[PDB]
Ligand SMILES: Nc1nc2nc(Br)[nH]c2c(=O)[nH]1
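A lone chain, given as C-alpha cells: the form solved without 8-bromoguanine (BRG).
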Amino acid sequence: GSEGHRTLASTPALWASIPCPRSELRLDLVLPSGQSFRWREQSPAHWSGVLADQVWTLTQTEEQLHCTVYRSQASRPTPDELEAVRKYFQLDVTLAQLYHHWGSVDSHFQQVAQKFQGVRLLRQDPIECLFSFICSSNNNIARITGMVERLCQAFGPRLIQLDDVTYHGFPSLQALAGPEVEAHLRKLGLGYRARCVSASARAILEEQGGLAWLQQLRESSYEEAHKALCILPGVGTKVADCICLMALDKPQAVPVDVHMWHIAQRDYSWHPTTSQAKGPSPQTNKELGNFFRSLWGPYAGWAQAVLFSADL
C-alpha cells in the first residue's frame, strides 16, 4: 500500500533493521509508559511518531528493531537516519549490563526485573519534555496525551498526513511564547497549566537567554540542571527531575512521587532518618531520591523506570 501507515509485511522494501534484541528494548513498555506522550500503535506492534523532525514507524522482532521513515521518493532509511533512532533509544546504554548491576546490589530488583526486560529511557528533546511534563501536574497519562496532542496540532509545524493522522512537530519556544497562547491553550483543555506553558516559554526566551540556556543544561551538572529548571513556572522538584532524567542526560535523577514512596516502604522498608516527618515532604522526598541513588548507583532513574514498568 502506497498510502497509509506502513507495516513490515505491507511494504518490506522500505524497512531497515538495527540489531537490537528484545532484552535491550521493548517498545510496548517504553513508548506508551509516560516518557513520551506522542507515540501511537496505529497497527498492532507498529508504533508511529515523530523522531528527529520526521515521522517514523517502529516494530520489532526477537533480534531486530525494524524502522521506516516518511520524508519525496520512498526508500528504506539510510544509515545516518537510523543513527537518529539509536540515539533516541540510547542503544549504547546496555541494559544487560545495567540489569546485572542493579540485580547485584538489590535482590528485589533481581526478582522483579526478570519478566520486565527492555525497559530503557528515551533521550527526548528538552523543549518537548519540559512542556509535556509541565502539563503532567494533577493529571494522568491519558489526559496528558490528549493535551500534548492538541497542543502540537494547534502550534506545531505540519509534517505529513498518514491515513487520518496529521503529524506535527513539537511547537517552538517562539510559538508557545506568542500572543494569547494561554487563552488558546485553555480552549484545548489545559486549564491552569496553560498559564505555566506560556509563562515558561516567555521566561526562557525573554529572561534566560533562549533555547541555548535550556539545551546547555545537558552539559551542566545534575544539581545545576535541576536548580535551573526549578526557576520556571510549573516546574517543581518532581517535574524538574523528570526533565533531568528524560531530556538532560541525568540518569541519576529520581523523580520522587507517592508511587515511589509506596515502592520505597513496601519493597525496601525505607523510612526517613534525616528528618522527623514520616510522609512526603520536600525534605523526605529529597532523602528518598538520595536513598535510591546510593542503592542503585548513577543510573538510579533507569532502575526506577524498570520498577515503575512492573506496576503499570
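One-based numbering along the sequence shown.
According to the entry, the deposited sequence has 1 to 3 residues without coordinates between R71 and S72.
For the two regions 259 to 267 and 243 to 251, the entry's Cα B-factors average higher over 259 to 267.
Taking the mean C-alpha B-factor of each stretch as recorded, 138 to 146 and 167 to 175 are not equal, and the higher mean is that of 138 to 146.
Per the deposited coordinates, the residue with the largest Cα temperature factor out of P126, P157, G103, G118 is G103. Taking the deposited Cα B-factors for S132, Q90, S198, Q114, the highest one is held by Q114. Placement of the Cα temperature factor of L295 within the chain: highest third of the modelled residues, per the deposited record. In this PDB entry, the Cα temperature factor of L288 sits in the top third of its chain's modelled residues, the highest group. In this PDB entry, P19 carries a Cα temperature factor that places it within the middle third of its chain's modelled residues.
In the PDB entry, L95 places in the lowest third of its chain by CA B-factor.
Per-chain ranking of the deposited C-alpha B factor places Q35 in the lowest third.
From this point on, the text means the form solved in complex with 8-bromoguanine (BRG), which you will not see here.
Using a 4.5 angstroms limit between non-hydrogen atoms, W39 is distant from 8-bromoguanine (BRG) in the deposited bound form. Of the heavy atoms in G34, some are within 4.5 Å of 8-bromoguanine (BRG) in the deposited bound form. Residue contact check for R150: none of its heavy atoms lie within 4.5 Å of 8-bromoguanine (BRG) in the deposited bound form. Proximity of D249 to 8-bromoguanine (BRG) in the deposited bound form falls outside the 4.5 Å heavy atom cutoff.
Residue in contact with 8-bromoguanine (BRG) in the deposited bound form (any heavy atom within 4.5 Å), chosen from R76, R202, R86, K238: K238. This chain lacks the partner; the member of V93, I144, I127, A154 within 4.5 angstroms of 8-bromoguanine (BRG) in the deposited bound form by a non-hydrogen atom is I144. Picking from 60 to 68, 41 to 49, 281 to 289, 254 to 262 the stretch near 8-bromoguanine (BRG) in the deposited bound form, with a 4.5 Å limit on heavy atoms, gives 254 to 262. If you take 117 to 140 and check each residue for a heavy atom within 4.5 Å of 8-bromoguanine (BRG) in the deposited bound form, you get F133, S136, in sequence order.
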